[PDB]
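Shown next, in structure tokens, is the structure this report addresses.
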Amino acid sequence: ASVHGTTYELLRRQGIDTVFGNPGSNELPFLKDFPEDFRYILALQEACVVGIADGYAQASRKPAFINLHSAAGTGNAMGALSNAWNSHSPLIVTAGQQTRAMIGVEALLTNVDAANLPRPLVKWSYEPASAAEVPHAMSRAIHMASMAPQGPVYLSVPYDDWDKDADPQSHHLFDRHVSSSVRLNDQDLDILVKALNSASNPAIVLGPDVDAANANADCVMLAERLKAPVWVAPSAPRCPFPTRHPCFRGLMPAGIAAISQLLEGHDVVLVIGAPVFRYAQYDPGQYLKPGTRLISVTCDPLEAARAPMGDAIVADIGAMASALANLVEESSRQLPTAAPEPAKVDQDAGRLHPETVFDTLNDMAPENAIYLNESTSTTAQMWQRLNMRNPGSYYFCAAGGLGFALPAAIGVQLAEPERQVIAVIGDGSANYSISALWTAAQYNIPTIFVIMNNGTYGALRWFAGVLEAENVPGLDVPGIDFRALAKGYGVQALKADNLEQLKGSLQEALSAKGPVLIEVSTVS
Amino acid sequence: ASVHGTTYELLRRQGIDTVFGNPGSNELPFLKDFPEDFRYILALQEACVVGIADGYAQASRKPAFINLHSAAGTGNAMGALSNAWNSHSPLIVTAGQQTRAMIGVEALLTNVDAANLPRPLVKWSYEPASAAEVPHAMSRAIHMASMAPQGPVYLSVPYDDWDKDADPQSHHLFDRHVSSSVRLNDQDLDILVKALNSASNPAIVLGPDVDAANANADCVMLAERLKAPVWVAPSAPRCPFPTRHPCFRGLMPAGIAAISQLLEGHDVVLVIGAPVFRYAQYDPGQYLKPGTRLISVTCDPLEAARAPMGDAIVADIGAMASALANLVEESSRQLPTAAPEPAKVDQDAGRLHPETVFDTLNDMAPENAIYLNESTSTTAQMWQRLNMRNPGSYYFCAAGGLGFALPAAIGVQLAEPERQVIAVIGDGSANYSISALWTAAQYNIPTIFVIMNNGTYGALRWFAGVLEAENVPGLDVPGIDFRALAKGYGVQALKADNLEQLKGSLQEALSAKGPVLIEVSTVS
Amino acid sequence: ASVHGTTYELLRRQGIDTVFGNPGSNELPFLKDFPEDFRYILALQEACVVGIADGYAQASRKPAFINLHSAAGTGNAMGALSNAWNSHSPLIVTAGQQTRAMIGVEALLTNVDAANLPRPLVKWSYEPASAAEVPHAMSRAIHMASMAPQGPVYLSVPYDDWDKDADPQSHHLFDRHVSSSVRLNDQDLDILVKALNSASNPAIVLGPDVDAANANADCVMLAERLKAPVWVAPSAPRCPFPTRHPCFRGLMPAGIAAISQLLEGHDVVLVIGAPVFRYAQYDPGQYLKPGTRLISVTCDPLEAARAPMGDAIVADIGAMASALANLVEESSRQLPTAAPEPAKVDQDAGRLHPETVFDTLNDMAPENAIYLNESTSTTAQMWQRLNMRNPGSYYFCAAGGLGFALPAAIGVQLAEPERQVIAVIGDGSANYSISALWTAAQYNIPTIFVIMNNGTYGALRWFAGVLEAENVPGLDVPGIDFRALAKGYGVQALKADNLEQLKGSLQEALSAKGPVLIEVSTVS
Ligand SMILES: Cc1ncc(C[n+]2csc(CCOP(=O)(O)OP(=O)(O)O)c2C)c(N)n1
Ligand SMILES: Cc1ncc(C[n+]2csc(CCOP(=O)(O)OP(=O)(O)O)c2C)c(N)n1
Ligand SMILES: Cc1ncc(C[n+]2csc(CCOP(=O)(O)OP(=O)(O)O)c2C)c(N)n1
Ligand SMILES: [Ca+2]
Ligand SMILES: [Ca+2]
Ligand SMILES: [Ca+2]
Ligand SMILES: [Ca+2]
Ligand SMILES: [Mg+2]
């Protein structure tokens, strides 16, 4: 068998049936004779390709396979890879290399020092020393991406390898099962359980890896058992807990002082599936106040090592969440104090307040909708105003890199055809990966895109303010007509200039059969 | 003085007055109090930012300064950097980093292992160990980018560095002059000149570093003295010779065998400012026929080292071409005769053949027009049909990475306000950096964009045909309305469905006030 | 508190009380005011420094802390790091950097691009962005080295950081506890146990990570319950099983064909704590014969990924071995029979056969002796001829890099004062880290070094034979007087030219009060 035949058999045998790509000449010998049990999903730019694959992998909780063109195609995707590294997304990224006989002269399309290109944003980066080694290298990539902590991997393949003979012994790769579904040994687990049972005022902090493991329901039970308030860790890439559950306290502000303040008085704080912590703003203070002890459960040795405080357990989030939920005692303490309701902001008949938009979405959207957030100045209000009951209901660029939400929303929707995806994106953020719109139209993926148009990089103006920074250039982005861009890529488009048009536009969008973009005029 | 003030003084004193960027919070402390004598050029995505800067650098023959946002911004720009490396473009790429206090815990927006991110696509990549080091590091970046062989460099700066005190001894940096304007020693140069004079059938091959050095006229004189035919080196990123000069033989095919054959019978072949050679397609054969010796003058040790044949001299293209042009004897051989005018292709009333488009451009465009090419299936035709008399008349993605031409064309037009820039771009290639249109609209940069629309990845269909590769997915790109995309970003748009409409469109575009996009229906 | 004081407090609080080092000016500010509760072990060359720390770490089953001088010092130690990478040795390598103010100009002793220097032989490599970050960085280093899979890490520290103020919040770092003592979830573990119980002819293969985890006794219980033969995985860096246990089958030959043949007819093969597999020689064939299924338990994701066959489980060896040993049934099959004693090789009154040496070592050495092996041509006979009943009884350079055993023997003896360490080292290998002898003499570490002198690079002459290679230079090393070398560094030296002298020498060495070298004349 050829490297080509053996490689597709490996992918198939390992559950891969979809290739997200943008093609090039180094990739044609791989893409030729494309098997009928595979589908290829085309996007017009590599950030869009990876972004879509990323959404797909996160929502489906399975690895996604990607094919890109040499260095330029790989390079165009590196921004998306930075997000993917932060979200522990299992992405298998392959790039075509020049034919081996032409690598030495550095012919055009040669990916020079290829394995170094995507570093440091990948768990593993590699180019095989021979054609017969390709299926083995593909095996490694698959497993490296899939083992905890999950993440993007990179494989470069000289295009003449595909037609060479495969090692007959490659058949051994086909059914390899590799598991990292592990938890803390019985002895130390019981110690942890006693600490949780003995705490007088415990708190729970949940991260994106909970939602990735679909450990949400086990965490609910755990929180109910302990009667503990539940926070989502800062800079949340996903939503790990029902946001209207009695225990839920909301999204932590991404500041050192703000967080030690929030956890004051809690004797034991259990963090699960989050870095400790993904701070953002400079907010100097204490990591923890005295009297507070912190225990972190993470699937990532890098997270365990860099936490500046607390104990850590490196283990599978699914296995640990399940064991803990079923081992801890039912506490007779009182549930946390009901959270206040978010205020209704006064709305005139002009441009829309973000809060008006979120209140209206929360009224009209289905209970199992899935939201994506790339409206960077409105995150806090979004978390306060959207009731998200189910797992896998929220995505936000995990490295803060814009250009994620628009293509990711397509990948999510492709992964969850029965759940309505609604992407809330600022006019600024919309541009980074605008061309992803075409993929939604072409394949008829019925994502809804709500563009929050206030003419400016809102978040940057805000930071500029608190910084007292005057005469900063480049903060405004006037003169973009999103209905026309949507038309350009074949996507139905609406406009909402006021509350009544917003209601009407959403009503129409939910009823539509394909993708729809709504430009909303929002206040400055 | 602050690091901030000192650094802008260094930039200013080293000739930099323009900043190409897409802002982020790590960058605000740098961008605040933006000097009134500086200009900031906003682009909506980082591939676009760098593409514009690249075009500006290549046309101005001076370094361009870029400011990107941490890892995600840098990552988005890496495809554009692949091109810039191959074209020896002097780009100073700066990226904002988290405040030093927050790097350890890897807060959101921390650029991890930052110097490694852009490798291997930069000459030098660095993050200063303290704030007072920043001006010096910036000084290193400026010179590393500018010295032969020019190319992109990378500087990461923790945002808290800008308000710190600068070392007063930094003033020594302001006026440093660094030169690599060197040429071969007299003794060996005389030996070279003698071999040139003694050649009975010399040939000359010119690459992009000739045009970068503005060494075109010297090469014309050299060619006239030697009575030698002149070829452009394959995969040409620029045009180094007037294309209607009698010595001109056109663009070499990017094949090993094709090139040895073209050179057969030429006893001495002098290559100036080109890799030897940027082959592309698989065309196995002899590098040189017996009877041919090759001599290469290059500014790049990496090029001199990887050449599979001939002697090399590593030196400045401007200094070498000027020496040789002035030292060689006037040969008494007959001047080569001009190559044949290209054939007029039969154009019916349907869709436009590419040949028709180029003929029409050549007829109607000003004699000092500047062309950019990202119409990948039509490059050969373009080289044959455009009379480019002047230096800096042509640009093509140096690494073959798409998404270059559209932003670069804006950068070039900004660098040459008196020369009409005309970018010819395939419907496929247009999408990669589509949002760059907005910068042209916003800064009133009257670039003309000619979209060759045949609804397919044409060059890939062709390659798939030569490989006889069947069932390749992802080659077609139907359903893109380019006039709507143009309207989306505020740029006037026109359509041309036949030759007659192309003429009216072209005439209207040339007289138009701002940038114009013309969507042209072409054949397959 | 200064960074100095906070760092030493961190080290003591994390159980470190020893520093292995070779000092330089960049390290003086660290090494000054050296705490009275710490000891410093000096070695004369960095390969020896790291070798000694490596032995100490592997024998103690705890991290060892190393301090080297800048780049030159780190570089001298990279050979040793390659062994340490392969043996999963938890080594904390710190190196002194130039003062921050002088890094820019690359003053002498500047470690340029320091974090890249030791790559790719480290798990984590880093230089902090500020002095206050140093304790945190050091905390990250300790845990990165200590978490499974254990391995070497690198930290570069500018020498001016030490006297700066530490962040008071660094106190949270002191008592951090990080665990990776995890095992397969209950349901999947039950499934593995069923497969083991159900096997009709199981075999067990053990790697160095069993011995590192001290899972030897659990592995014995497991082999006894399953009634299964036990092999040590090829290229063994440690001994994970009593070599005279009736189940023991010896060291596996390091070849693909040889191993599948060995495993033929075994329906289930369980591999614990080893790469699958560390083949060495070319010996192509089937990875496994049909009818054979392989299940691998490994602590290293990179191992699980690159296995060309079998399933894998990534978990802590100690926890997994214990769980498996206690859950499997007692098989009704008969217990394997002990391997026959090796035959006595005939020995005349002249030079010694290696076999004679090993038989004699075995007869005279204490039952709890510890052997190190760097006699490369005699490894197979060594494994057959030494009864090693207890854990931690054998060490062999894990990457095949010579220069390990001599210094490592000293580290092991230091970690195990009550177990006699005996190093068996070829005359070739002894030279790589010859100066380590001095450290044994100075600190009175009573290691016994046995030098096998046959005047040649024996294993290389052998390979030259099987390649049929002729006229290979550099294979002989005549003219070295090891007794003089020992004298040179203050180590008592003895000679054994024949069997009688060997017994006399060994007797004297085994009761000596300090280190002893015996130069043994062995046969060509
Ligand atoms: C690739 C990339 N470039 C730049 C940034 C920095 N950045 C953070 S927020 C922001 C503005 C986003 O504007 P918009 O999408 O309109 O949302 P708004 O802040 O106005 O609500 C930018 C440019 C980034 N995070 N990623
Ligand atoms: C970033 C990047 N992605 C993909 C490619 C591969 N590629 C080379 S040519 C080509 C087709 C370009 O199509 P178009 O612009 O419509 O020009 P045409 O071939 O039809 O003349 C593609 C996708 C590339 N070179 N760079
Ligand atoms: C640092 C290093 N250099 C070279 C080698 C290659 N090598 C393997 S075995 C060997 C010979 C060792 O000779 P000796 O120690 O006398 O043992 P013998 O083979 O004679 O039994 C050499 C040089 C190596 N493994 N590591
Ligand atoms: Ca906005
Ligand atoms: Ca096309
Ligand atoms: Ca020897
Ligand atoms: Ca003794
Ligand atoms: Mg890189």
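FYI, nothing fancy with the structure tokens labels: chains A, B, ... in order, residues from 1 per chain, ligands from 1 as they appear.
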Per-residue nearest contacts chain A to chain B, cut-off 6 Å, using only C-alpha atoms, as a tab-separated table:
residue	atom	partner	partner_atom	distance
A:31	CA	B:472	CA	5.5
A:32	CA	B:472	CA	4.5
A:33	CA	B:471	CA	5.0
A:34	CA	B:471	CA	5.8
A:42	CA	B:474	CA	5.7
A:45	CA	B:432	CA	5.0
A:72	CA	B:79	CA	4.2
A:75	CA	B:79	CA	4.0
A:76	CA	B:79	CA	4.4
A:78	CA	B:75	CA	4.2
A:79	CA	B:75	CA	3.9
A:82	CA	B:72	CA	5.9
A:105	CA	B:306	CA	5.9
A:107	CA	B:279	CA	4.8
A:108	CA	B:280	CA	5.0
A:119	CA	B:117	CA	5.9
A:120	CA	B:117	CA	6.0
A:278	CA	B:107	CA	5.0
A:279	CA	B:107	CA	4.7
A:280	CA	B:108	CA	5.1
A:306	CA	B:105	CA	5.8
A:401	CA	B:72	CA	4.9
A:432	CA	B:45	CA	5.0
A:469	CA	B:32	CA	5.3
A:470	CA	B:32	CA	5.6
A:471	CA	B:33	CA	5.2
A:472	CA	B:32	CA	4.7
A:474	CA	B:42	CA	5.6
A:480	CA	B:489	CA	5.1
A:481	CA	B:488	CA	4.6
A:484	CA	B:488	CA	4.7
A:485	CA	B:488	CA	4.7
A:488	CA	B:481	CA	4.4
A:489	CA	B:480	CA	5.2
Keeping only C-alpha atoms, write the selected residues to a file as a compact mmCIF listing (two decimals), in the first residue's frame.
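For reference, result33.txt as written:
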# COMPACT_ATOMS: atom_id res chain seq x y z
CA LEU A 31 -5.71 15.46 -1.53
CA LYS A 32 -5.96 13.48 -4.78
CA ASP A 33 -8.15 10.37 -4.81
CA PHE A 34 -10.00 11.88 -1.84
CA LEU A 42 -12.78 24.68 2.30
CA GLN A 45 -7.76 31.90 4.34
CA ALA A 72 2.82 30.71 4.04
CA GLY A 75 2.10 31.19 8.91
CA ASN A 76 -1.30 32.63 8.07
CA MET A 78 -0.39 31.03 13.61
CA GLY A 79 -2.69 33.57 15.21
CA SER A 82 -2.22 30.78 19.68
CA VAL A 105 18.16 24.20 -3.18
CA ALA A 107 12.97 25.81 -4.29
CA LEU A 108 9.89 28.02 -4.06
CA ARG A 119 6.83 26.68 17.75
CA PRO A 120 6.12 27.54 20.50
CA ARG A 278 -5.43 33.57 33.62
CA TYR A 279 -5.13 37.13 34.93
CA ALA A 280 -5.26 40.02 32.42
CA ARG A 306 3.27 27.99 37.08
CA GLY A 401 -6.61 36.64 19.69
CA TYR A 432 -9.82 39.59 11.08
CA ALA A 469 -3.25 57.59 27.51
CA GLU A 470 -3.83 60.52 25.16
CA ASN A 471 -3.35 60.77 21.40
CA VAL A 472 -3.44 57.07 20.71
CA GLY A 474 -5.71 53.74 15.22
CA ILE A 480 -17.48 49.40 7.13
CA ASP A 481 -20.78 48.13 5.71
CA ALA A 484 -22.33 44.39 1.86
CA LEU A 485 -19.48 42.13 3.07
CA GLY A 488 -20.06 39.63 -1.05
CA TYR A 489 -19.72 36.18 0.49
- Expected answer as a PyMOL selection string: residues within 9 Å of ligand 4, only C-alpha atoms and all ligand atoms: chain A and resi 375-377+425-429+451-459+476-477+522+524
Put those residues in a file: N, CA, C and O atoms, as an mmCIF file, in the first residue's frame.
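File part19.cif, as written:
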data_model
loop_
_atom_site.group_PDB
_atom_site.id
_atom_site.type_symbol
_atom_site.label_atom_id
_atom_site.label_comp_id
_atom_site.auth_asym_id
_atom_site.auth_seq_id
_atom_site.Cartn_x
_atom_site.Cartn_y
_atom_site.Cartn_z
ATOM 1 N N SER A 375 -16.984 40.321 21.146
ATOM 2 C CA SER A 375 -17.395 41.695 21.349
ATOM 3 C C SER A 375 -16.665 42.134 22.611
ATOM 4 O O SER A 375 -17.199 42.038 23.715
ATOM 5 N N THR A 376 -15.441 42.625 22.438
ATOM 6 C CA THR A 376 -14.484 42.662 23.531
ATOM 7 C C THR A 376 -14.756 43.624 24.703
ATOM 8 O O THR A 376 -14.237 43.414 25.805
ATOM 9 N N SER A 377 -15.552 44.668 24.496
ATOM 10 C CA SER A 377 -15.867 45.561 25.616
ATOM 11 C C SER A 377 -17.153 45.177 26.356
ATOM 12 O O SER A 377 -17.571 45.880 27.283
ATOM 13 N N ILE A 425 -20.192 39.454 17.703
ATOM 14 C CA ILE A 425 -18.862 39.894 17.302
ATOM 15 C C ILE A 425 -18.872 41.402 17.092
ATOM 16 O O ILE A 425 -19.807 41.947 16.497
ATOM 17 N N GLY A 426 -17.840 42.079 17.583
ATOM 18 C CA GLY A 426 -17.708 43.502 17.336
ATOM 19 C C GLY A 426 -17.293 43.815 15.906
ATOM 20 O O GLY A 426 -16.676 42.989 15.230
ATOM 21 N N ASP A 427 -17.619 45.017 15.445
ATOM 22 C CA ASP A 427 -17.248 45.445 14.098
ATOM 23 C C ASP A 427 -15.734 45.383 13.904
ATOM 24 O O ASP A 427 -15.257 45.119 12.813
ATOM 25 N N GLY A 428 -14.980 45.631 14.964
ATOM 26 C CA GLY A 428 -13.538 45.531 14.890
ATOM 27 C C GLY A 428 -13.114 44.095 14.635
ATOM 28 O O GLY A 428 -12.420 43.804 13.652
ATOM 29 N N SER A 429 -13.550 43.196 15.520
ATOM 30 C CA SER A 429 -13.165 41.793 15.471
ATOM 31 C C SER A 429 -13.643 41.079 14.205
ATOM 32 O O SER A 429 -13.040 40.100 13.777
ATOM 33 N N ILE A 451 -23.266 41.336 14.488
ATOM 34 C CA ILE A 451 -22.189 42.310 14.518
ATOM 35 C C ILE A 451 -22.583 43.505 15.400
ATOM 36 O O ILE A 451 -23.561 44.209 15.122
ATOM 37 N N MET A 452 -21.838 43.711 16.479
ATOM 38 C CA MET A 452 -22.025 44.892 17.323
ATOM 39 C C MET A 452 -21.219 46.039 16.730
ATOM 40 O O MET A 452 -20.001 46.121 16.926
ATOM 41 N N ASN A 453 -21.892 46.926 16.002
ATOM 42 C CA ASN A 453 -21.202 48.020 15.319
ATOM 43 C C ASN A 453 -21.278 49.359 16.045
ATOM 44 O O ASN A 453 -22.295 50.053 15.987
ATOM 45 N N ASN A 454 -20.192 49.732 16.710
ATOM 46 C CA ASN A 454 -20.126 51.034 17.358
ATOM 47 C C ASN A 454 -18.996 51.898 16.796
ATOM 48 O O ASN A 454 -18.625 52.896 17.395
ATOM 49 N N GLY A 455 -18.443 51.495 15.655
ATOM 50 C CA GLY A 455 -17.464 52.295 14.932
ATOM 51 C C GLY A 455 -16.053 52.397 15.507
ATOM 52 O O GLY A 455 -15.238 53.188 15.031
ATOM 53 N N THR A 456 -15.737 51.605 16.522
ATOM 54 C CA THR A 456 -14.474 51.819 17.212
ATOM 55 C C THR A 456 -13.997 50.552 17.903
ATOM 56 O O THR A 456 -14.785 49.683 18.221
ATOM 57 N N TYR A 457 -12.697 50.448 18.130
ATOM 58 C CA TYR A 457 -12.153 49.417 18.996
ATOM 59 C C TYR A 457 -12.460 49.778 20.455
ATOM 60 O O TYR A 457 -11.604 50.326 21.163
ATOM 61 N N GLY A 458 -13.680 49.470 20.897
ATOM 62 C CA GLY A 458 -14.165 49.885 22.205
ATOM 63 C C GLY A 458 -13.281 49.543 23.388
ATOM 64 O O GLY A 458 -12.990 50.400 24.227
ATOM 65 N N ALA A 459 -12.846 48.288 23.460
ATOM 66 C CA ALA A 459 -12.006 47.838 24.566
ATOM 67 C C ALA A 459 -10.709 48.623 24.652
ATOM 68 O O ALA A 459 -10.224 48.899 25.749
ATOM 69 N N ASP A 476 -10.169 53.910 15.893
ATOM 70 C CA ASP A 476 -11.462 54.002 15.224
ATOM 71 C C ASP A 476 -11.491 53.269 13.890
ATOM 72 O O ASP A 476 -10.522 53.280 13.143
ATOM 73 N N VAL A 477 -12.629 52.647 13.601
ATOM 74 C CA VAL A 477 -12.810 51.870 12.390
ATOM 75 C C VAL A 477 -14.144 52.192 11.698
ATOM 76 O O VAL A 477 -14.964 51.305 11.467
ATOM 77 N N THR A 522 -24.643 49.930 17.697
ATOM 78 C CA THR A 522 -24.556 49.968 19.142
ATOM 79 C C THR A 522 -23.931 51.286 19.585
ATOM 80 O O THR A 522 -23.233 51.938 18.809
ATOM 81 N N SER A 524 -21.619 54.210 21.391
ATOM 82 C CA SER A 524 -20.167 54.364 21.462
ATOM 83 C C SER A 524 -19.560 53.875 22.777
ATOM 84 O O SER A 524 -18.383 53.499 22.821
#
- Item | Residues within 12 Å of residue 4 (chain B), only C-alpha atoms, excluding chain neighbours under 2 positions, as an MDAnalysis selection string | chainID B and resid 1:2 6:11 27:35 131:135 138 157 159:167
Can I get the selected residues back with C-alpha atoms, as a short mmCIF file (atom, residue, chain, number, x, y, z; two decimals), in the first residue's frame?
data_model
loop_
_atom_site.label_atom_id
_atom_site.label_comp_id
_atom_site.auth_asym_id
_atom_site.auth_seq_id
_atom_site.Cartn_x
_atom_site.Cartn_y
_atom_site.Cartn_z
CA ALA B 1 13.95 60.93 29.17
CA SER B 2 11.65 57.92 29.12
CA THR B 6 14.20 58.04 23.56
CA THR B 7 12.86 55.34 21.25
CA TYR B 8 10.81 57.73 19.11
CA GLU B 9 13.87 59.99 18.88
CA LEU B 10 15.95 57.01 17.71
CA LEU B 11 13.33 56.06 15.08
CA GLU B 27 0.94 48.37 22.67
CA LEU B 28 -1.00 51.36 24.06
CA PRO B 29 1.85 52.53 26.32
CA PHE B 30 4.00 52.71 23.18
CA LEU B 31 1.36 54.41 21.04
CA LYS B 32 0.28 57.00 23.60
CA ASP B 33 1.56 60.54 23.02
CA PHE B 34 2.08 59.55 19.41
CA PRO B 35 4.55 62.11 17.99
CA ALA B 131 13.51 48.46 30.10
CA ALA B 132 16.65 50.58 29.75
CA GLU B 133 17.87 48.07 27.18
CA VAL B 134 14.92 48.84 24.86
CA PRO B 135 16.45 51.71 22.85
CA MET B 138 15.52 48.85 18.85
CA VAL B 157 8.66 44.74 24.43
CA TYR B 159 4.46 47.23 27.88
CA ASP B 160 5.64 48.55 31.27
CA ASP B 161 9.07 49.35 29.76
CA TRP B 162 7.95 52.46 27.90
CA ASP B 163 7.46 54.76 30.92
CA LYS B 164 10.76 53.77 32.53
CA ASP B 165 13.89 55.94 32.51
CA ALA B 166 16.21 55.49 29.58
CA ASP B 167 19.98 55.27 29.96
#
- Task: Name the residues in contact with region 355-366 of chain B at a cut-off of 7 Å, using only C-alpha atoms, excluding same-chain residues fewer than 2 positions from it; report them as an NGL selection string.
- Result: :B and (345 or 352-353 or 368-369 or 381-382 or 385-387)
Filtering to N, CA and C atoms, could you give me those residues as a CSV table (one decimal), in the first residue's frame?
chain,number,residue,atom,x,y,z
B,345,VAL,N,-4.1,37.5,-29.2
B,345,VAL,CA,-5.0,36.3,-29.1
B,345,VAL,C,-6.4,36.7,-29.6
B,352,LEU,N,-13.1,37.3,-20.8
B,352,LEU,CA,-11.8,37.8,-21.2
B,352,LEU,C,-10.7,36.8,-21.0
B,353,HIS,N,-9.9,36.6,-22.1
B,353,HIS,CA,-8.6,35.9,-21.9
B,353,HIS,C,-7.7,36.8,-21.2
B,368,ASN,N,4.7,54.9,-16.5
B,368,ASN,CA,5.4,54.6,-15.2
B,368,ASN,C,4.5,54.0,-14.2
B,369,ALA,N,3.6,53.1,-14.7
B,369,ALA,CA,2.7,52.4,-13.8
B,369,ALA,C,3.4,51.3,-13.0
B,381,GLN,N,2.2,35.1,-19.0
B,381,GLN,CA,1.5,36.0,-20.0
B,381,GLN,C,1.8,37.4,-19.6
B,382,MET,N,1.6,37.7,-18.3
B,382,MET,CA,1.8,39.0,-17.8
B,382,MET,C,3.2,39.6,-18.0
B,385,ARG,N,3.6,40.6,-21.8
B,385,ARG,CA,2.7,41.6,-22.3
B,385,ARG,C,2.8,43.0,-21.7
B,386,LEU,N,3.5,43.2,-20.6
B,386,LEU,CA,3.6,44.5,-20.0
B,386,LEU,C,5.0,45.1,-20.2
B,387,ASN,N,5.0,46.2,-20.8
B,387,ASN,CA,6.2,47.0,-21.0
B,387,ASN,C,6.5,47.8,-19.8
- Query: Hey, what's within 8 Å of residue 66 (chain B) if we count only C-alpha atoms and toss same-chain stuff fewer than 5 positions away? As a PyMOL selection string, please?
  - Reply: chain B and resi 19-21+49-50+53+91-94
Would you export the selected residues with N, CA, C and O atoms as a tab-separated table (two decimals), in the first residue's frame, please?
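Generated file (again14.tsv):
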chain	number	residue	atom	x	y	z
B	19	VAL	N	4.33	54.37	11.15
B	19	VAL	CA	4.10	53.13	11.89
B	19	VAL	C	2.92	52.38	11.29
B	19	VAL	O	1.79	52.90	11.27
B	20	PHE	N	3.18	51.16	10.80
B	20	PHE	CA	2.12	50.31	10.28
B	20	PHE	C	1.70	49.34	11.36
B	20	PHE	O	2.54	48.58	11.88
B	21	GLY	N	0.42	49.36	11.72
B	21	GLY	CA	-0.01	48.56	12.86
B	21	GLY	C	-1.47	48.20	12.96
B	21	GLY	O	-2.32	48.67	12.19
B	49	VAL	N	-1.49	44.32	7.70
B	49	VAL	CA	-0.56	45.32	8.22
B	49	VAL	C	0.83	45.11	7.62
B	49	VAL	O	1.44	46.04	7.09
B	50	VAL	N	1.31	43.88	7.72
B	50	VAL	CA	2.66	43.56	7.28
B	50	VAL	C	2.78	43.63	5.75
B	50	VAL	O	3.83	44.03	5.23
B	53	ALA	N	3.18	47.31	4.85
B	53	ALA	CA	4.51	47.73	5.27
B	53	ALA	C	5.56	47.21	4.29
B	53	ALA	O	6.48	47.94	3.90
B	91	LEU	N	11.90	44.89	7.26
B	91	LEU	CA	10.79	45.18	8.14
B	91	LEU	C	11.22	45.08	9.59
B	91	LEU	O	11.82	44.09	9.99
B	92	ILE	N	10.92	46.12	10.37
B	92	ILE	CA	11.15	46.09	11.80
B	92	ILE	C	9.81	45.80	12.45
B	92	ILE	O	8.90	46.63	12.45
B	93	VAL	N	9.67	44.59	12.95
B	93	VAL	CA	8.39	44.16	13.50
B	93	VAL	C	8.49	44.21	15.02
B	93	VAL	O	9.30	43.49	15.61
B	94	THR	N	7.71	45.08	15.65
B	94	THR	CA	7.65	45.12	17.11
B	94	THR	C	6.31	44.56	17.59
B	94	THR	O	5.28	44.77	16.96
- Task: Excluding residue 511 (chain B) and any residue of its chain fewer than 4 positions from it, enumerate the residues within 12 Å of it, using only C-alpha atoms, and give them as a VMD selection string.
- Result: chain B and resid 364 to 366 420 446 to 448 504 to 507 515 to 516
- Record the distance separating CA of residue 408 (chain C) and CA of residue 316 (chain C), expressed in Å with one decimal. 25.0 Å
- Task: Would you mind listing what lies within 8 Å of region 327-329 of chain A as a ChimeraX atom specification, with only C-alpha atoms counted and same-chain residues fewer than 6 positions away left out?
- Result: /A:193-194,196-197,222,225-226
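The interatomic distance for the pair CA of residue 63 (chain A) and CA of residue 152 (chain A) works out to 9.2 Å.
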- Message: Give me, as a PyMOL selection string, the residues of region 276-479 of chain C that a backbone DSSP run labels helix (DSSP H, G or I).
- Response: chain C and resi 301-306+317-327+354-364+379-385+405-415+427-430+436-443+458-466
- Which parts of region 242-453 of chain A does DSSP call strand (DSSP E or B) when run on the backbone here, written out as a ChimeraX atom specification? /A:248-251,268-272,293-298,311-314,352,370-374,394-396,421-426,448-453
